[PDB]
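**Q** what's the 3D shape of this:
(chains A, B and C)
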Amino acid sequence: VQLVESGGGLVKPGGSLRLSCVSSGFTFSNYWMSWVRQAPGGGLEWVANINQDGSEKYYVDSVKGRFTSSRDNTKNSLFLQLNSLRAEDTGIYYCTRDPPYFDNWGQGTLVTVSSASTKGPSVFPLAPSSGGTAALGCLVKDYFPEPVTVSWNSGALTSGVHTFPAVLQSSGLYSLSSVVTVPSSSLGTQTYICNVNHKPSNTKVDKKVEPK
Amino acid sequence: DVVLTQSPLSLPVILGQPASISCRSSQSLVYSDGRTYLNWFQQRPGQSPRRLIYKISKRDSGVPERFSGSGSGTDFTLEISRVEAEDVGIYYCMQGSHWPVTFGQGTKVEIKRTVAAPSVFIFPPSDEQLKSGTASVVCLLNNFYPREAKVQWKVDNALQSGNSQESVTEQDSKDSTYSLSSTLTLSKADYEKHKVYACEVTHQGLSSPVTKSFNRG
Amino acid sequence: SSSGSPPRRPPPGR
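**A** Numbers count the residues shown, from 1 in each chain, chains lettered A, B, ... in the order given. Here you go:
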């Protein structure tokens, strides 16, 4: 059983946004579905319920009148329309199955309500130089909004990786670093590539990081 | 709306010890069909919540047996018979008996491990970045415990303030350590105006503040 | 003694 959300992104206040959720692994037509959101630095808030055929739709009071649901059982798909977006609507929107049990959740999609504009990231190497362990990384600077995903050697390098949480710079743009610690004796032997992804700005960087 | 109060909100546990998270409801929580719709969710770092318990005590199929639930009426409990390193995360209780369904604040479970000193690394900016007119120098503190650490930047032994900002990772699910990156941002002109760049790290695992420095070029 | 009927819609009279 799988639930996949999409449609989250940057939207100016007052604007509109359409979220979708595609399900797998169960008879979609038999279950009530629900949306739950998670505020920044906060917990969980229930948002919406929808019937098996979409005939019944209920919403949390803080969004009554602004959000509308729809459902398409021929495509195992659930939808949520967000209108007149407020700043407090920012958060991760999760697609969940079978309220009030919420036995399965999607990975979520991020809604950022902001007047700011999308910015592409600048990817710069954090080179290692001269014990028995070398640290090397990648600097992903001046991007907006979130998220950014970093991987090393296309996922082949996982142990020792730390991709830090982003920080909001005084400029109003985010910046994070992804580091990995590796044996110093494998700097002139193993190649290290950081794979940066910023889908909001359609940016994909594969930068080789080498010493000196 | 029913208010779900969790206690404690921060729960640092020695590895292997039992743990208990309390959830106190503002109302009776027993529905008209006799059932009590109280759930427990686990949000591990970087992931979405996943249900642990439904209806007070019924455990999900994919949840390890060391998780259990109890309670009735307005007092409920999530029990962990043995806290493993992978149990770090935020635990929410949720009620569905009253409209609308509401969650508790969440209890952050933290492993209390033995002190570890931060391995400290400093990174001069990249030639490509200076080509762009800005200089960011990064200081990395890797796999340390406890979380509390202080990083100070000095250019030519001059204390800095207002130009740097730091970021710390969530507790690692394997070695229960943290990691911190502190980035100092300067202009290319200011950068090429000084020679020595250093971050000074003070931590419980260090007897004296360790300094990592480089000389521009 | 009731059977199971989970609450999925708001109560009447909101």
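
**Q** alpha carbons only for contacts and neighbour counts from here, please
**A** OK.

**Q** now the helices for chain B?
**A** Defined through DSSP state H, the helices belonging to chain B, from first to last, are B:127-132, B:188-191.

**Q** Determine which stretch of the ones you listed is the most buried.
**A** Mean neighbour count, computed with mean count of other CA atoms under 10 Å in any protein chain shown, is highest for helix B:188-191 among the helices of chain B, reaching a mean of 15.

**Q** now what about that helix, what contacts it?
**A** With CA atoms under 8 Å, 6 or more residues apart in numbering or on different chains as the contact definition, helix B:188-191 has outside contacts at B:130, B:133, B:134, B:135.

**Q** and if you look at stretch B:61-74?
**A** Residues outside stretch B:61-74 that contact it (CA under 8 Å, 6+ apart) are B:23-30, B:36, B:52-53, B:56-59, B:76-82.

**Q** Apply 7 Å and report the result again.
**A** By CA atoms under 7 Å, 6 or more residues apart in numbering or on different chains, the residues outside stretch B:61-74 that reach it are B:24-30, B:52-53, B:56-57, B:59, B:76-82.

**Q** Include distance to residue B:100 when you put the contacts of helix B:188-191 into TSV, please.
**A** What follows is the contacts of helix B:188-191, written out as TSV (distance: CA to CA, whole Å):
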residue	distance to residue B:100
B:130	54
B:133	53
B:134	50
B:135	51
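
**Q** I'd like the helices of chain B written out as CSV, with distance to residue A:127 added.
**A** As requested, these are exported to CSV (distance: least, CA to CA, whole Å):
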stretch, distance to residue A:127
helix B:127-132, 11
helix B:188-191, 18
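
**Q** rewinding a little: selection in PyMOL covering whichever of the contacts of helix B:188-191 are buried, please.
**A** Selecting only the buried entries of the contacts of helix B:188-191 in PyMOL, with 16 or more other CA atoms under 10 Å in any protein chain shown as the criterion:
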select buried, chain B and resi 130+134+135
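
**Q** And the contacts of helix B:188-191, which two are furthest apart?
**A** Set against one another by CA to CA, those have their most distant pair in B:133 and B:135, with a gap of 7.0 Å.

**Q** Give me the common contacts of those two.
**A** Applying CA under 7 Å, 6+ apart, one finds that residue B:133 and residue B:135 are jointly contacted by B:187, B:188.

**Q** In chain C, what residue lies closest to chain A?
**A** Per CA to the nearest CA, residue C:8 is where chain C lies closest to chain A, at 6.3 Å.

**Q** ok, that residue - contacts?
**A** Residues in contact with residue C:8, defined by CA under 7 Å, 6+ apart, are A:99, A:100.

**Q** let's go with 8 Å and repeat that
**A** Taking CA under 8 Å, 6+ apart as the contact definition, residue C:8 lies against A:49, A:99, A:100.

**Q** Might you report the residue contacts of residue 13?
**A** Because you didn't say which chain, this covers chain A. Applying CA under 8 Å, 6+ apart to residue A:13 gives the contacts A:84, A:85, A:86, A:87, A:113, A:114, A:115.

**Q** Now list the buried members of those.
**A** Buried subset of these (neighbour count, 16+ other CA under 10 Å): A:85, A:86, A:113, A:114.

**Q** what are the phi and psi angles of the third one?
**A** When read as degrees, to the nearest 10, the backbone of residue A:113 gives phi -100, psi 110.

**Q** didn't it look like it was pressed against residue A:85?
**A** Yes: counting by CA atoms under 8 Å, residue A:85 is a contact partner of residue A:113 at 6.8 Å.

**Q** what about stretch B:27-36 and chain C, any contact?
**A** Yes: applying CA under 8 Å from any CA of the partner chain, one finds stretch B:27-36 touching chain C at B:32, B:33, B:34, B:35.

**Q** Indicate whether that stretch makes contact with chain A.
**A** No: among the residues of stretch B:27-36, none lie within reach of chain A under CA under 8 Å from any CA; the closest is 10.9 Å away.

**Q** gap between the two ends of that stretch?
**A** 12 Å (CA to CA, to the nearest Å).

**Q** Also stretch B:122-129?
**A** Terminal residues of stretch B:122-129 lie 16 Å apart, using CA to CA.

**Q** Go ahead and name everything in contact with it.
**A** Under the criterion CA under 8 Å, 6+ apart, residues A:124-128, B:135-140, B:198-199, B:212-214, B:216 lie in contact with stretch B:122-129.

**Q** Up against chain C, what does chain B have?
**A** Within chain B, the positions near chain C by CA under 8 Å from any CA are B:32, B:33, B:34, B:35, B:37, B:96, B:97, B:99, B:100.

**Q** Could you work out the most separated pair of those?
**A** Across the residues of chain B next to chain C, the two members that end up farthest from each other (CA to CA) are B:34 and B:100, 18.2 Å apart.

**Q** Between the two, point out the one with more neighbours.
**A** Taking residue B:34 and residue B:100 together and counting by other CA atoms under 10 Å in any protein chain shown, residue B:100 has the greater number of neighbours (24 against 13).

**Q** can you give me the helices for chain C?
**A** Along chain C, counting by DSSP H, no stretch forms helices.

**Q** Next to chain B in this structure, residues from it, please.
**A** Residues of chain C lying close to chain B by CA under 8 Å from any CA are C:1, C:2, C:3, C:4, C:5, C:6, C:7, C:10, C:11.

**Q** Could you pull up the contacting residues of the nearest residue to the third one once chain neighbours are set aside?
**A** Distance criterion CA to CA, 6 or more residues apart in numbering or on different chains; nearest residue to residue C:3, sequence neighbours excluded, is residue B:33 at 6.2 Å. With contact set as CA under 8 Å, 6+ apart, residue B:33 has these partners: C:1, C:2, C:3, C:4, C:5, C:6.

**Q** one more time with 7 Å
**A** Going by CA under 7 Å, 6+ apart, the list of residues near residue B:33 reads C:2, C:3, C:4, C:5.

**Q** Look up phi and psi at the last one.
**A** Meaning residue C:5. On the backbone of residue C:5 - angles per degrees, to the nearest 10 - the values are phi -150, psi 90.

**Q** mind checking how far the residue minimising distance to the centre of chain C is from residue A:71?
**A** Closest to where the C-alpha atoms of chain C average out (CA atoms, centre = their mean) is residue C:7, at 3.9 Å. Residue C:7 sits 20 Å away from residue A:71, taking CA to CA as the criterion.

**Q** Could I get the phi/psi values of residue A:29?
**A** According to degrees, to the nearest 10, the main-chain angles of residue A:29 amount to phi -70, psi -10.

**Q** got a list of what residue B:157 touches?
**A** With contacts taken as CA under 7 Å, 6+ apart, residue B:157 has no neighbouring residues.

**Q** check whether stretch A:67-74 contacts chain C.
**A** No: if you take CA under 7 Å from any CA of the partner chain as the test, stretch A:67-74 misses chain C, and the best it gets is 14.6 Å.
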